[PDB]
Structure formats: structure tokens, C-alpha cells
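Here's the structure, in C-alpha cells; my notes come after.
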Amino acid sequence: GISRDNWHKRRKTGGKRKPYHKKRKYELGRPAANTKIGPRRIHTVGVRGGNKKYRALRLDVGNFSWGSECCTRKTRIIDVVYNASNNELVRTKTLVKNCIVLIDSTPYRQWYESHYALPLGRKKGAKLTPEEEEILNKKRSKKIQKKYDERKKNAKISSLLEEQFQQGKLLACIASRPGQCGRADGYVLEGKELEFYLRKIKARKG
Amino acid sequence: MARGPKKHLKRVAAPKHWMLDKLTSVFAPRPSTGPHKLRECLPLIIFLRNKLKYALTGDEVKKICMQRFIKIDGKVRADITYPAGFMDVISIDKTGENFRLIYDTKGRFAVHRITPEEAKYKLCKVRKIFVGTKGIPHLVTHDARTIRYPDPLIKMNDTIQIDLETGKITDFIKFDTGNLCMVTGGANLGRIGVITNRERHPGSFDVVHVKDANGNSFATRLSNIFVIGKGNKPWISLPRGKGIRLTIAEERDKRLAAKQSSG
Amino acid sequence: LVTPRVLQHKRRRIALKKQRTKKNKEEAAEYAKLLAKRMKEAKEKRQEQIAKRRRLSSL
Amino acid sequence: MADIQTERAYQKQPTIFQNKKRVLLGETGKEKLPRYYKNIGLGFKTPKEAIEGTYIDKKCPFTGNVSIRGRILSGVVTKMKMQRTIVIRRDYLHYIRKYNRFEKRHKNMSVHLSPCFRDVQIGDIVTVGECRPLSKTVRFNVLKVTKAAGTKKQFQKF
RNA sequence: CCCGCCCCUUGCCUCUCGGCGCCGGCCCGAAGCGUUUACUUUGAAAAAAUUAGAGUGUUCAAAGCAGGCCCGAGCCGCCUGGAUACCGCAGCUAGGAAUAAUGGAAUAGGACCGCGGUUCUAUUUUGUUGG
RNA sequence: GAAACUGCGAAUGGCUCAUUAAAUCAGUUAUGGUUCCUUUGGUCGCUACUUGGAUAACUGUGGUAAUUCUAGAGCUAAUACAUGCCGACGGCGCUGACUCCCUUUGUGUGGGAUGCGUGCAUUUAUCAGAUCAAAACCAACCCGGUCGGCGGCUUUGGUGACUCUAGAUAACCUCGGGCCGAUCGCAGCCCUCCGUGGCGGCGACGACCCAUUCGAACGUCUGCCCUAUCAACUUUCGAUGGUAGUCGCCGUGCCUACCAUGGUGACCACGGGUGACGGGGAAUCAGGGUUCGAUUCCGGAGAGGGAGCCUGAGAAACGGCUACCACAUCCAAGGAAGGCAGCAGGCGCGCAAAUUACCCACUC
Ligand SMILES: [Mg+2]
Ligand SMILES: [Mg+2]
Ligand SMILES: [Mg+2]
Ligand SMILES: [Mg+2]
Ligand SMILES: [Mg+2]
Ligand SMILES: [Mg+2]
Ligand SMILES: [Mg+2]
Ligand SMILES: [Mg+2]
Ligand SMILES: [Mg+2]
Ligand SMILES: [Mg+2]
Ligand SMILES: [Mg+2]
Ligand SMILES: [Mg+2]
Ligand SMILES: [Mg+2]
Ligand SMILES: [Mg+2]
Ligand SMILES: [Mg+2]
Ligand SMILES: [Mg+2]
Ligand SMILES: [Mg+2]
Ligand SMILES: [Mg+2]
Ligand SMILES: [Mg+2]
Ligand SMILES: [Mg+2]
Ligand SMILES: [Mg+2]
Ligand SMILES: [Mg+2]
Ligand SMILES: [Mg+2]
Ligand SMILES: [Mg+2]
Ligand SMILES: [Mg+2]
Ligand SMILES: [Mg+2]
Ligand SMILES: [Mg+2]
Ligand SMILES: [Mg+2]
Ligand SMILES: [Mg+2]
Ligand SMILES: [Mg+2]
Ligand SMILES: [Mg+2]
Ligand SMILES: [Mg+2]
Ligand SMILES: [Mg+2]
Ligand SMILES: [Mg+2]
Ligand SMILES: [Mg+2]
Ligand SMILES: [Mg+2]
Ligand SMILES: [Mg+2]
Ligand SMILES: [Mg+2]
Ligand SMILES: [Mg+2]
Ligand SMILES: [Mg+2]
Ligand SMILES: [Mg+2]
Ligand SMILES: [Mg+2]
């Protein structure tokens, strides 16, 4: 079937080479996965030596990380925004390594408000009266100075990141190959990477 | 043609220090996978039926081994193509005799009966020192043995004497200039001497010099040195000749002048 | 069908794990002893070094 | 080198992190970007233009992810027309035995030149090391550039 | 034709940690290596079989790797071989410096703790943590 | 102890030389860029006195011209198929109701229920990866001791070189799609005690991971017969390089997207021929050479010609399967079955090459 052999190529001089043998099995095919977004399905391929290998199709949940905070959570993947290799991989919402994805951003908000005792980007406060000010402004006399005042000074999320938390989504990069592992892990963009990718996105579409 | 691993060995392609004929048949024992390499081992059938003449065919050595008589390094081996190798101990207690496979002088194994008190330990060369999970130091010797928790001052190329019954490294000799050694590969396969030098070529094949007990010098690669003593004093018992390699002229003079024909 | 030999096999299978745990315990103990023994000689090397260092830094 | 972002993806060294820190640890003089580099060994010295300067080359020997092992050859530069890739020529003599005489022969090698070296021009002598296949016809990397011969880089006043 | 003296004759060094003198002090071997190569000599590493070659009365030889002794058998045996050479060219290694290549400062800079100025900085000790 | 289920082997060996001209192959090196059934050595604890249903053989009824075709009916097992606990945790860190002296408080002090996670293997991210040459002030602290300050410590392993090995943190789990034994054989002991509460050795088998062995694959340098009546070749039908990915056991235009315009040649590239498989080797030979190597050892390739796959550690397998082409066999014309360049034997081709023998006694 499909083959990865070197012997169908021209040699460096531009000359043809003639084959000496039929196609082997250590030179195999196995067409692409083309992971979409949706309810999970994962098939399993038997490869050289045994060693099953998981090929994902329609993943919808990932394990992403925030490196400044060292805080990693399970999250939902919403959409793909950028793709350095092709552009038809954003029209079809296929999810490959080094893609740029939107995630749900909620568990990071939960951990942040719980760890710092301080809010994210919030517009108005009425929902904070029955609940959430319960977490953020917890009724305790011990700790609530000594601990959380050492949590403060450090709780200075940058302009772009705190602007992200308002619309309820983030920008993340996949750092794992879902076609080989069946997992869509990665890390949320920050700093100059975030600026570069935001400018690229703004420049491409529209 | 060759889609997998092979399992036959032709008599003409077998190692030469087995000292086989060329008229018995097209095939050779083909030692089974073990702790010693294929070209550097000596199967059980060849040691029993060819060097010891205890057996006369392959059936006889099979039915000698199938009676739990032969012990290699303490344990009872039932296979007749087991790859016994350097510094091993054979034990046949039905007759009360123990041997030790060591190259004599001419690049082949000898028959080297030893005392039963000496057939308890064996010397092993260290090839690898790595750390496992939870920071436990391991060893790897020249015969695939793995030792956990060695004292953290034994390194590569050093020799360790181990108890055959329990493992449990007992003592060790250090690779240094001045230590007795036997060469276990190449052209000087069998000669014994002191180190006196170690040339170093970063990236490939650091060579080592040797000078035996008669002022003759010869070099080898570091991959073939085997420290067997502190210096001028072996830890295992040496065979007859003691790796001296007297030349063909001296060979002829000693064979003629002694008139070694019979008793 | 349950038979005394099945229970004997199970007893063997549990005693093996017990023996393995005892082996690990005592081996780790002895190696920690030996490592602590080596650290004293390392201290001795370092103190000899510092002593001769100050010796030759005198003049 | 003011802007090394020329391709459609963010070029950056792996194993390097843009961390959480305070205001004005530097607004110019400390831009919070360290440099990964390794020593090749075998006596070859890492050039300072790889430690100081900034560029993204995963295939460089000194800062990228590649290991030099095996053979070490040398040659003279013949062509510099590809991106980070040059063509060097090795001449030698082949001894025919019927006659007792030699004959001149040559081989060409495509080799990888890191942006660490910026002084190379046709005619220099170049040392190379052996790496894993880096492309269809590239297996070597330039370790060292030298030019200490006649008709030197310029008039000899050094 | 290996040690060293007219200038040098492995040889300049720069220090440093490991073992070596001697009456805290005194000193040479250890680190770079002699611009490089070709050449030449030497080591290492290269399956066997075949080829050359050592031993051995297959009844001789072609072959083969064998075989030789002493006891009436009362030894429940002993001795001994299965060598060695060659294996170009290319790659590795260390001596030699004739021959043949290649190179050095002409609009200079080699050298000495020579200094002068500006400028970056390693992060050790001042006991430690920090301005 | 027949048969049948199960496990393993059938990828070795044997045969032939059609293809193949930097291809194979040879010497040399590299996997710090990969996989590896088995062997040997390490690893094995974070209804349980033992769970479920359901197929063979066997019994019985059949169908078709025909095959190592196979349907319906009735039973019964597992080291087949599928589930799944028990123990011994007396396990630390993060939480922080509350709580204790004097500085309220912050902080200089000491307990703490409560909850969460807590083995190795997978995936992503992050942290540390320790010892340089000396002193002077100021805010706070250990010790030589004192109620404002002087002398004095800084701690896995290895390589020429790793983004190595090991360690710490936050999560993730792939189940039907990791591990942590519901398996079989020999021979035995104490019971605050009357068969069980208990425990005791020796094996077989199985199994995640690491190392070893046997390899396999992909790479480095050098080496090739004749031909110019072959002088320019290669390139969206990848040609040479760059960045991101897909796929693959892994490195890599291996393949895709976007860029650059490169790469080889008179030192013979590119094209053509070979009654060309390569080598160790054979004949001849004063010295140099010339010719041969289908052929018993090593390597490669193929099973009429191409192509595509299943099982498996390992095959693009032909003593395996599925199609097309070329041949050719039986038919009850509906259908079924095939691959001797294995050993004998036969036809054809030719100037040209042996018995349709006996045996596993030797070598394996
Ligand atoms: Mg072919
Ligand atoms: Mg496996
Ligand atoms: Mg075969
Ligand atoms: Mg075998
Ligand atoms: Mg001969
Ligand atoms: Mg003869
Ligand atoms: Mg040579
Ligand atoms: Mg030389
Ligand atoms: Mg039976
Ligand atoms: Mg088996
Ligand atoms: Mg099989
Ligand atoms: Mg034939
Ligand atoms: Mg051709
Ligand atoms: Mg080549
Ligand atoms: Mg080869
Ligand atoms: Mg080769
Ligand atoms: Mg095992
Ligand atoms: Mg039924
Ligand atoms: Mg590319
Ligand atoms: Mg890539
Ligand atoms: Mg062009
Ligand atoms: Mg051609
Ligand atoms: Mg052709
Ligand atoms: Mg042909
Ligand atoms: Mg030929
Ligand atoms: Mg001649
Ligand atoms: Mg041939
Ligand atoms: Mg032919
Ligand atoms: Mg024939
Ligand atoms: Mg080969
Ligand atoms: Mg085939
Ligand atoms: Mg045919
Ligand atoms: Mg199998
Ligand atoms: Mg086939
Ligand atoms: Mg076959
Ligand atoms: Mg069939
Ligand atoms: Mg057939
Ligand atoms: Mg036939
Ligand atoms: Mg005729
Ligand atoms: Mg004839
Ligand atoms: Mg005829
Ligand atoms: Mg037989």
C-alpha cells in the first residue's frame, strides 16, 4: 500500500534509480487521522512489535496548563484559530500539533480566585452576594491577612491574559500529537508568543 | 530469503577455537541465546563430547544432561547448547570435579580442573553503572548479571569477585597501571601481564599496553582487558603456561629437547 | 473445586511477597549504612584538602 | 537579528521559558531571555557569536538539538547559495596498481553551516562532524572555519 | 654513524590537584604541543574454507586432523597436537624528517606585569539572609 | 490413553540467479536517531475456602456430480473467552474549625479535628541540576556566648559531548484500548487444640518494566565492466534547501502546506549495453599481468507476471489468503480446484547433465 521508502526518489545528480525489490512492511502507510472536534472516539492500531497505538477521532477535552501559575487543568476545546502549516486545517476544524485553540478558561478562574482570594475580569457584582464572595471574601479572622497578603503583590495577571478571561475563552497551543497518542494536551499562550499569534490571526481573517 | 532470525549454524562458519573437524557433517551446535556472545562461547555438547570424551554422540550428551548432573555457576542447566563462557565454573559432583573456562595461550579454552574450595566464587568485569528508580545504583557485568546496591567506589572496567550461590559482590580490583590482567580478544587472546600504560583517544577505542613476565610488550583495546589481580599475584588460578606465548622456535626447541612423545 | 493444595499454593504465593519485602528492607538498610560509611571518608578527604590549602596559603 | 520571526510560526528555543516576574527588572537592559548552548567536546570551542547573538536554528551543533559523533572530515567551500547550507569539495588521489601511479579525484558534500559563522566565503577550509540525517542529502555539520593560507582574507597585518 | 655541551639540542611553559626527592622552605615528569600533509617504519582491528607452511609412515600418495606409550588384564591409565604466515586500497595509531607539496610582518607588529582612558562583568569571601 | 479445544513452530532449512551498475557487496565506522518472541540476570503489597455463559470431541438428522465443503438439533471443560475482590497501610504533603505565652493585630510562640491527593508505566507543562579570588557599612538571624555587635558550614551518577539517568511540583488515564497470579505437579510440620486456627519447602506455567543475547533496519568514508554514432541532465508529474506539520519503530521531501532557486557534470554527470547477482575465491604466471567466479561459506533477490493484505516478536510469506493477466484440470454445466527455480520422475529445448531407491544409525 502506501510506502515511506527512499528508493522511488531520484538520486542527488538528478538520475533515476531502478528498484531491486518489492515493497517491504517496515516501510508502511496507515493514512492520516484528521482529528475533528466532538464526542470522543479512539481507534487502536497494532504496530511493529505489538505496541498498540491510539489514533484519535473527534476529541473534545484536553489537559492544558498555565506556566506562569504552574496550574494545569482539564478543559474543553472550543475551536481552532490558527495553523502554521496549512489554512484548510482551520476551515475543517482539524486538530493537530502546534494548532491554536480556544479553551474554556473556567477552571483557571476558579483556581485563581481560590488561591489569591481576588476576582478575575468581572463586570458587576450581584451574583457574588449568595455565593462566590463566600469563596473570595471568606468569613475568617485567622489566615485572611497573613496568607492572602503574601498571595497579593504577585496576583498581577497581564493586560492580554486578564482581557481573555472576560469573553470566557483563552488561546492555547497543542504540544502533543493526537494522531499518535489520542490526547490533546498543550499550554496556554502568553507574552510574545501570544502577541505574535494574535497579530497573525487578526491579519489573516477579515 | 531471511524474514526472521536464523537457527542453524554451518560447520564451516562455526568459531575456529572450537577445533572441529570438516567431515562429520554440514552443521554445528549453534549455541542458544545466553549470557555470552555466540562467537565467544563454548556450548555444553562440545565441552562434554569433544574435549572430555564423556559422550560419543549427541544422544549421549543429551541423556547425560537430562540427569541433572551438570551445574554451570551453581544452577543446573539441562540444555546441551547452553553458551558457557569466560571465568565460568562447571561442576559434576557425581565424579567430584570442577573446571574453569579460561583461554590458555593460543586463543582457545582449556580444561583447567580446580579445587572445590576455589569453585565457589567467580570474577566478573563491570560494563555498565546506571541508576534505577528511587536512586538505587545497579551493576551490569560481562555475563549479563545485574547487582543492586554496590559500594559507590566501583566503576567501569573494574573486576568484582562474586559468590556463585548468592551473588553478593565480595571484593573488587581496580583498573590501574600495575594490575595483572588477561587479554580476552583480538590477537593476544590469552596472554597475561601488567598494564603499565593506557592510551586515550577521546571518541574511539582507547588502547592499553601490557608487559608480561618476560619483558615482552603488546597492546590491545580497552574492550579486551580483564583485570584479574592486584599485581604479580593472580586472584584465580592460572593454567599451565600462564599466558607467556613462547614463539614457534622456542616451541619447537622445548618440544624436541624434552622429547614429549609418550610416557 | 477447593482443595488443601489450592490453599497451600496461595500460602506460598503470599509468603513469597513477604520474603521480597523483607529482602528489600534489609538490603536498603545495609546499603544506607555503607553509604554513611563512605561519607566520613569523603569528609576526611575534604578536610585534608582544606588543611593543606591553608598550609600552603600561609606563605 | 532585531526580529528573528520570519516564518508563519513563532520561532523560539525549546527548553527556555518566559516566566512570571515583577515590573522593571529591566525595561531595556534585562529583557528576560537566557541562551541555551552546549559544548560539542572533542576540543572544539563554542564560538561567542552563538552565546551572545540570537537566532533560531534547531540544526546548529552548539545551540540546537543535534549530536556530533562518528567521523570528522574537512574540505574547502565551493558554493554558498542555499539557506544555511553550503557545498564543499574534497579532493584526493586514487592509486592504480597496474601502473604504479595515482590519479586525481573529487567528491562533493552538502553540509550545514550555522548562522553562528558569518565570516565564511568561497575558499575557506572547513571542518565537519557527523550527525544523523538532517535532510535528503545532508549528514554533516560545520564545526570550525579556518583560513590561514596565501591570498588570505586580506593583507597580512596580524 | 642513545644521553648533552660553542646559540638549541624532546622544551618552551602555567599553573594545579592528586604521589615522588631533601635540609614551613627548596625542584622535574605529569596539561598544550612541535604550521600541516603526502612518504616511510611500527602497533591495533580485520569469518572459516582455499592458498603458502609446522607436526603426524592413510600400508605409499591424493587426502585427513590426528595420534604415542606401558602394563600377563591387577593404571581402572598416562603424554601430546589441533601452530604460523599472507589478508592490497580506504579508515585508526605512534616514531622518522631526506624528497615533494603548502604558509608566515612591507601601508606591520612581535614582546615585555609598560601604561593611559572608556566599557562589560563573573558572583566568592567579609558567618549567614537581603539595600 | 483415541479424538478435539488450547499453547508453540510453520519467517529456519532447501532451490535457482530472472532482475540489479554507487544499486547489491566488501573493509570501516554510528544509532546520544530505532524495534527485538526466546535465553540469562534484576523487578513482583496501593464470593475470595474461588465468579459468569458457551462452544468442540461425543450423540443424533441431513444437503450437493464434486473438495481437507458444511448446516440444523442435544450435552460438557480451560492456562480458551469474560469478570473480579481479600490483605498489613501503624502511609506524608496540602487544607485550617479552632486553640496557647508574651509583642493586640502582622508576627516572635506550640497543638489541631476536618477534608483532598498520595506505587511503577503514559501525555503535557514547570523547578532545581550545589562547592569560583577578598573585604566595609546598614535591616534580620545560627554557633564560640551574651541584653550594642565581633572569629566561624553549604553536601546523587555517568559521557569527548545529550533537551541523559535519578529528584521535586500540577494535572492527565487509553475502557471494550497498561502492571500489580481466580492457573497445574511433588513430597511435610505447631495447634491456650481437635481439623481446622495456623505455617513449610521444592518445581511447572504466565506476566508490565530494565539490562544481556540472537538479530533486523536505517546511516558515514573508500572501492566498478563497455560505450561520446550518449554533452549537458534534474524541476508541481519533489528536482536541491528552509519553517510548521501528517505518517512511520525511529533520523529524513517519506509525504502535505508555504517560501527560496537551487543540485550534478570533461576528475565523464545523464542516457544506452552487459550471453552482469557481489565477495571469499579459480586457471595461467620470471617480474608485471590476463581471463574466469550460474556452483556447496557470507550477503542479496525471487517463487508463472504484476498488485493488495490477514495472523504474528518477526512476512508484503506463496508447502498462506484476495483480485487482474497468461496457461491449464474436473463438471451432473449450476459449480469447484492450481502453481516442482524442494526430492525423485516426465515433456520441450538443445552439442550438452543421474534412481519415480533405503534410513533418521551420524550432524543438527
Ligand atoms: Mg527484484
Ligand atoms: Mg513487546
Ligand atoms: Mg532462507
Ligand atoms: Mg540450538
Ligand atoms: Mg594446505
Ligand atoms: Mg598433507
Ligand atoms: Mg593499509
Ligand atoms: Mg605520522
Ligand atoms: Mg496423557
Ligand atoms: Mg518457544
Ligand atoms: Mg508462528
Ligand atoms: Mg538441482
Ligand atoms: Mg545503467
Ligand atoms: Mg559508498
Ligand atoms: Mg560489509
Ligand atoms: Mg558496509
Ligand atoms: Mg526472567
Ligand atoms: Mg450446539
Ligand atoms: Mg522540511
Ligand atoms: Mg521535522
Ligand atoms: Mg540551475
Ligand atoms: Mg549512469
Ligand atoms: Mg543501463
Ligand atoms: Mg543476467
Ligand atoms: Mg563479474
Ligand atoms: Mg607474477
Ligand atoms: Mg556467485
Ligand atoms: Mg544465466
Ligand atoms: Mg545445481
Ligand atoms: Mg551485510
Ligand atoms: Mg520473498
Ligand atoms: Mg516456471
Ligand atoms: Mg507467536
Ligand atoms: Mg507473494
Ligand atoms: Mg518457503
Ligand atoms: Mg492453498
Ligand atoms: Mg512448490
Ligand atoms: Mg525436480
Ligand atoms: Mg534429443
Ligand atoms: Mg556431461
Ligand atoms: Mg537428454
Ligand atoms: Mg537423526
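To be explicit about the labels: the chains of the C-alpha cells are called A, B, and onward in the order shown, and within each one the residues are counted from 1, while ligands get numbers from 1 in the order they are shown.
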
Residues within 10 Å of ligand 30, counting only C-alpha atoms (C1' of nucleotides) and all ligand atoms: report them as JSON, numbers by chain.
-> {"F": [24, 25, 26, 298, 299, 300]}

Site check for ligand 41: residues at most 12 Å away, only C-alpha atoms (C1' of nucleotides) and all ligand atoms, as number ranges by chain | F: 347-354

Could you take the residues named above and write them with C-alpha atoms (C1' of nucleotides), as a PDB file, in the first residue's frame?
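Full text of part.pdb as output:
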```
ATOM      1  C1'   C F 347       7.562 -33.415 -21.980  1.00  0.00           C
ATOM      2  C1'   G F 348      10.085 -29.451 -24.615  1.00  0.00           C
ATOM      3  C1'   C F 349      14.792 -27.177 -25.659  1.00  0.00           C
ATOM      4  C1'   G F 350      19.108 -28.227 -27.226  1.00  0.00           C
ATOM      5  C1'   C F 351      26.227 -30.082 -28.630  1.00  0.00           C
ATOM      6  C1'   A F 352      25.154 -30.540 -23.555  1.00  0.00           C
ATOM      7  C1'   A F 353      23.887 -33.088 -17.389  1.00  0.00           C
ATOM      8  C1'   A F 354      21.944 -39.368 -12.844  1.00  0.00           C
TER       9        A F 354
END
```

Could you tell me, counting only C-alpha atoms (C1' of nucleotides) and all ligand atoms, which protein and nucleic acid residues lie no more than 8 Å from ligand 4, written as a list in words?
-> residues 7, 8, 29, 30, 31, 32 and 81 of chain B

Distance of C1' of residue 313 (chain F) from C1' of residue 78 (chain F), expressed in Å to one decimal place =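 Atom-to-atom, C1' of residue 78 (chain F) to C1' of residue 313 (chain F), that is 25.7 Å.
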
May I ask you to extract the residues of chain D within 6 Å of chain F, using only C-alpha atoms (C1' of nucleotides), and to give them as a PyMOL selection string?
-> chain D and resi 7+40-42+70+82+105+132-133+135-136

Write out as an MDAnalysis selection string each polymer residue whose atoms come within 7 Å of region 65-82 of chain A, counting only C-alpha atoms (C1' of nucleotides); drop sequence neighbours fewer than 4 positions from it.
-> (chainID A and resid 60:61 90 93 99:104 107 186:188 201) or (chainID D and resid 19:20) or (chainID F and resid 125:126 170:171)

Nearby polymer residues, ligand 24, at most 10 Å, only C-alpha atoms (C1' of nucleotides) and all ligand atoms, as an MDAnalysis selection string = chainID F and resid 17:20 274:277 294

Which residues form the shell of 8 Å around ligand 35 when you count only C-alpha atoms (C1' of nucleotides) and all ligand atoms, given as a PyMOL selection string?
-> chain F and resi 317-319

Selected residues written out with N, CA and C atoms (P, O5', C5', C4', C3', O3' and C1' of nucleotides), as a PDB file, in the first residue's frame:
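Contents of part26.pdb, freshly written:
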```pdb
ATOM      1  P     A F 317       5.600 -11.186  -0.657  1.00  0.00           P
ATOM      2  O5'   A F 317       6.440 -12.180   0.253  1.00  0.00           O
ATOM      3  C5'   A F 317       6.055 -12.447   1.596  1.00  0.00           C
ATOM      4  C4'   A F 317       6.484 -13.826   2.029  1.00  0.00           C
ATOM      5  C3'   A F 317       6.022 -14.952   1.111  1.00  0.00           C
ATOM      6  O3'   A F 317       6.982 -16.008   1.116  1.00  0.00           O
ATOM      7  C1'   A F 317       5.089 -15.255   3.259  1.00  0.00           C
ATOM      8  P     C F 318       8.077 -16.135  -0.054  1.00  0.00           P
ATOM      9  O5'   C F 318       7.230 -16.449  -1.365  1.00  0.00           O
ATOM     10  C5'   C F 318       6.883 -17.780  -1.713  1.00  0.00           C
ATOM     11  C4'   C F 318       5.495 -18.114  -1.235  1.00  0.00           C
ATOM     12  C3'   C F 318       5.030 -19.549  -1.386  1.00  0.00           C
ATOM     13  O3'   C F 318       5.542 -20.378  -0.356  1.00  0.00           O
ATOM     14  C1'   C F 318       3.281 -18.017  -1.927  1.00  0.00           C
ATOM     15  P     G F 319       5.860 -21.933  -0.605  1.00  0.00           P
ATOM     16  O5'   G F 319       4.494 -22.675  -0.255  1.00  0.00           O
ATOM     17  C5'   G F 319       3.981 -23.708  -1.090  1.00  0.00           C
ATOM     18  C4'   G F 319       3.261 -24.772  -0.294  1.00  0.00           C
ATOM     19  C3'   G F 319       2.783 -24.333   1.088  1.00  0.00           C
ATOM     20  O3'   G F 319       1.507 -24.897   1.397  1.00  0.00           O
ATOM     21  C1'   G F 319       4.304 -26.160   1.291  1.00  0.00           C
TER      22        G F 319
END
```

Which residues of chain A have any atom within 12 Å of an atom in chain B when counting only C-alpha atoms, and what is the closest pair of atoms for each, with the distance in Å to one decimal? Order the rows by chain and rising number and write it as a Markdown table.
```
| residue | atom | partner | partner_atom | distance |
| --- | --- | --- | --- | --- |
| A:21 | CA | B:1 | CA | 12.0 |
| A:24 | CA | B:3 | CA | 10.4 |
| A:25 | CA | B:3 | CA | 10.8 |
| A:26 | CA | B:3 | CA | 11.4 |
```

Serialized selection, C-alpha atoms, as a PDB file, in the first residue's frame:
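Output below, filename part_1.pdb:
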```
ATOM      1  CA  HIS A  21      12.938  -5.489  -4.522  1.00  0.00           C
ATOM      2  CA  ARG A  24       8.549  -4.278   2.472  1.00  0.00           C
ATOM      3  CA  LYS A  25       6.429  -3.996   5.657  1.00  0.00           C
ATOM      4  CA  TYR A  26       8.938  -1.950   7.649  1.00  0.00           C
TER       5      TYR A  26
END
```

Show me which bits of chain F are within 12 Å of chain C, counting only C-alpha atoms (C1' of nucleotides), as an MDAnalysis selection string.
-> chainID F and resid 43:45 48:50 87:88 131 155:156 180:186 188 195:196 198:203
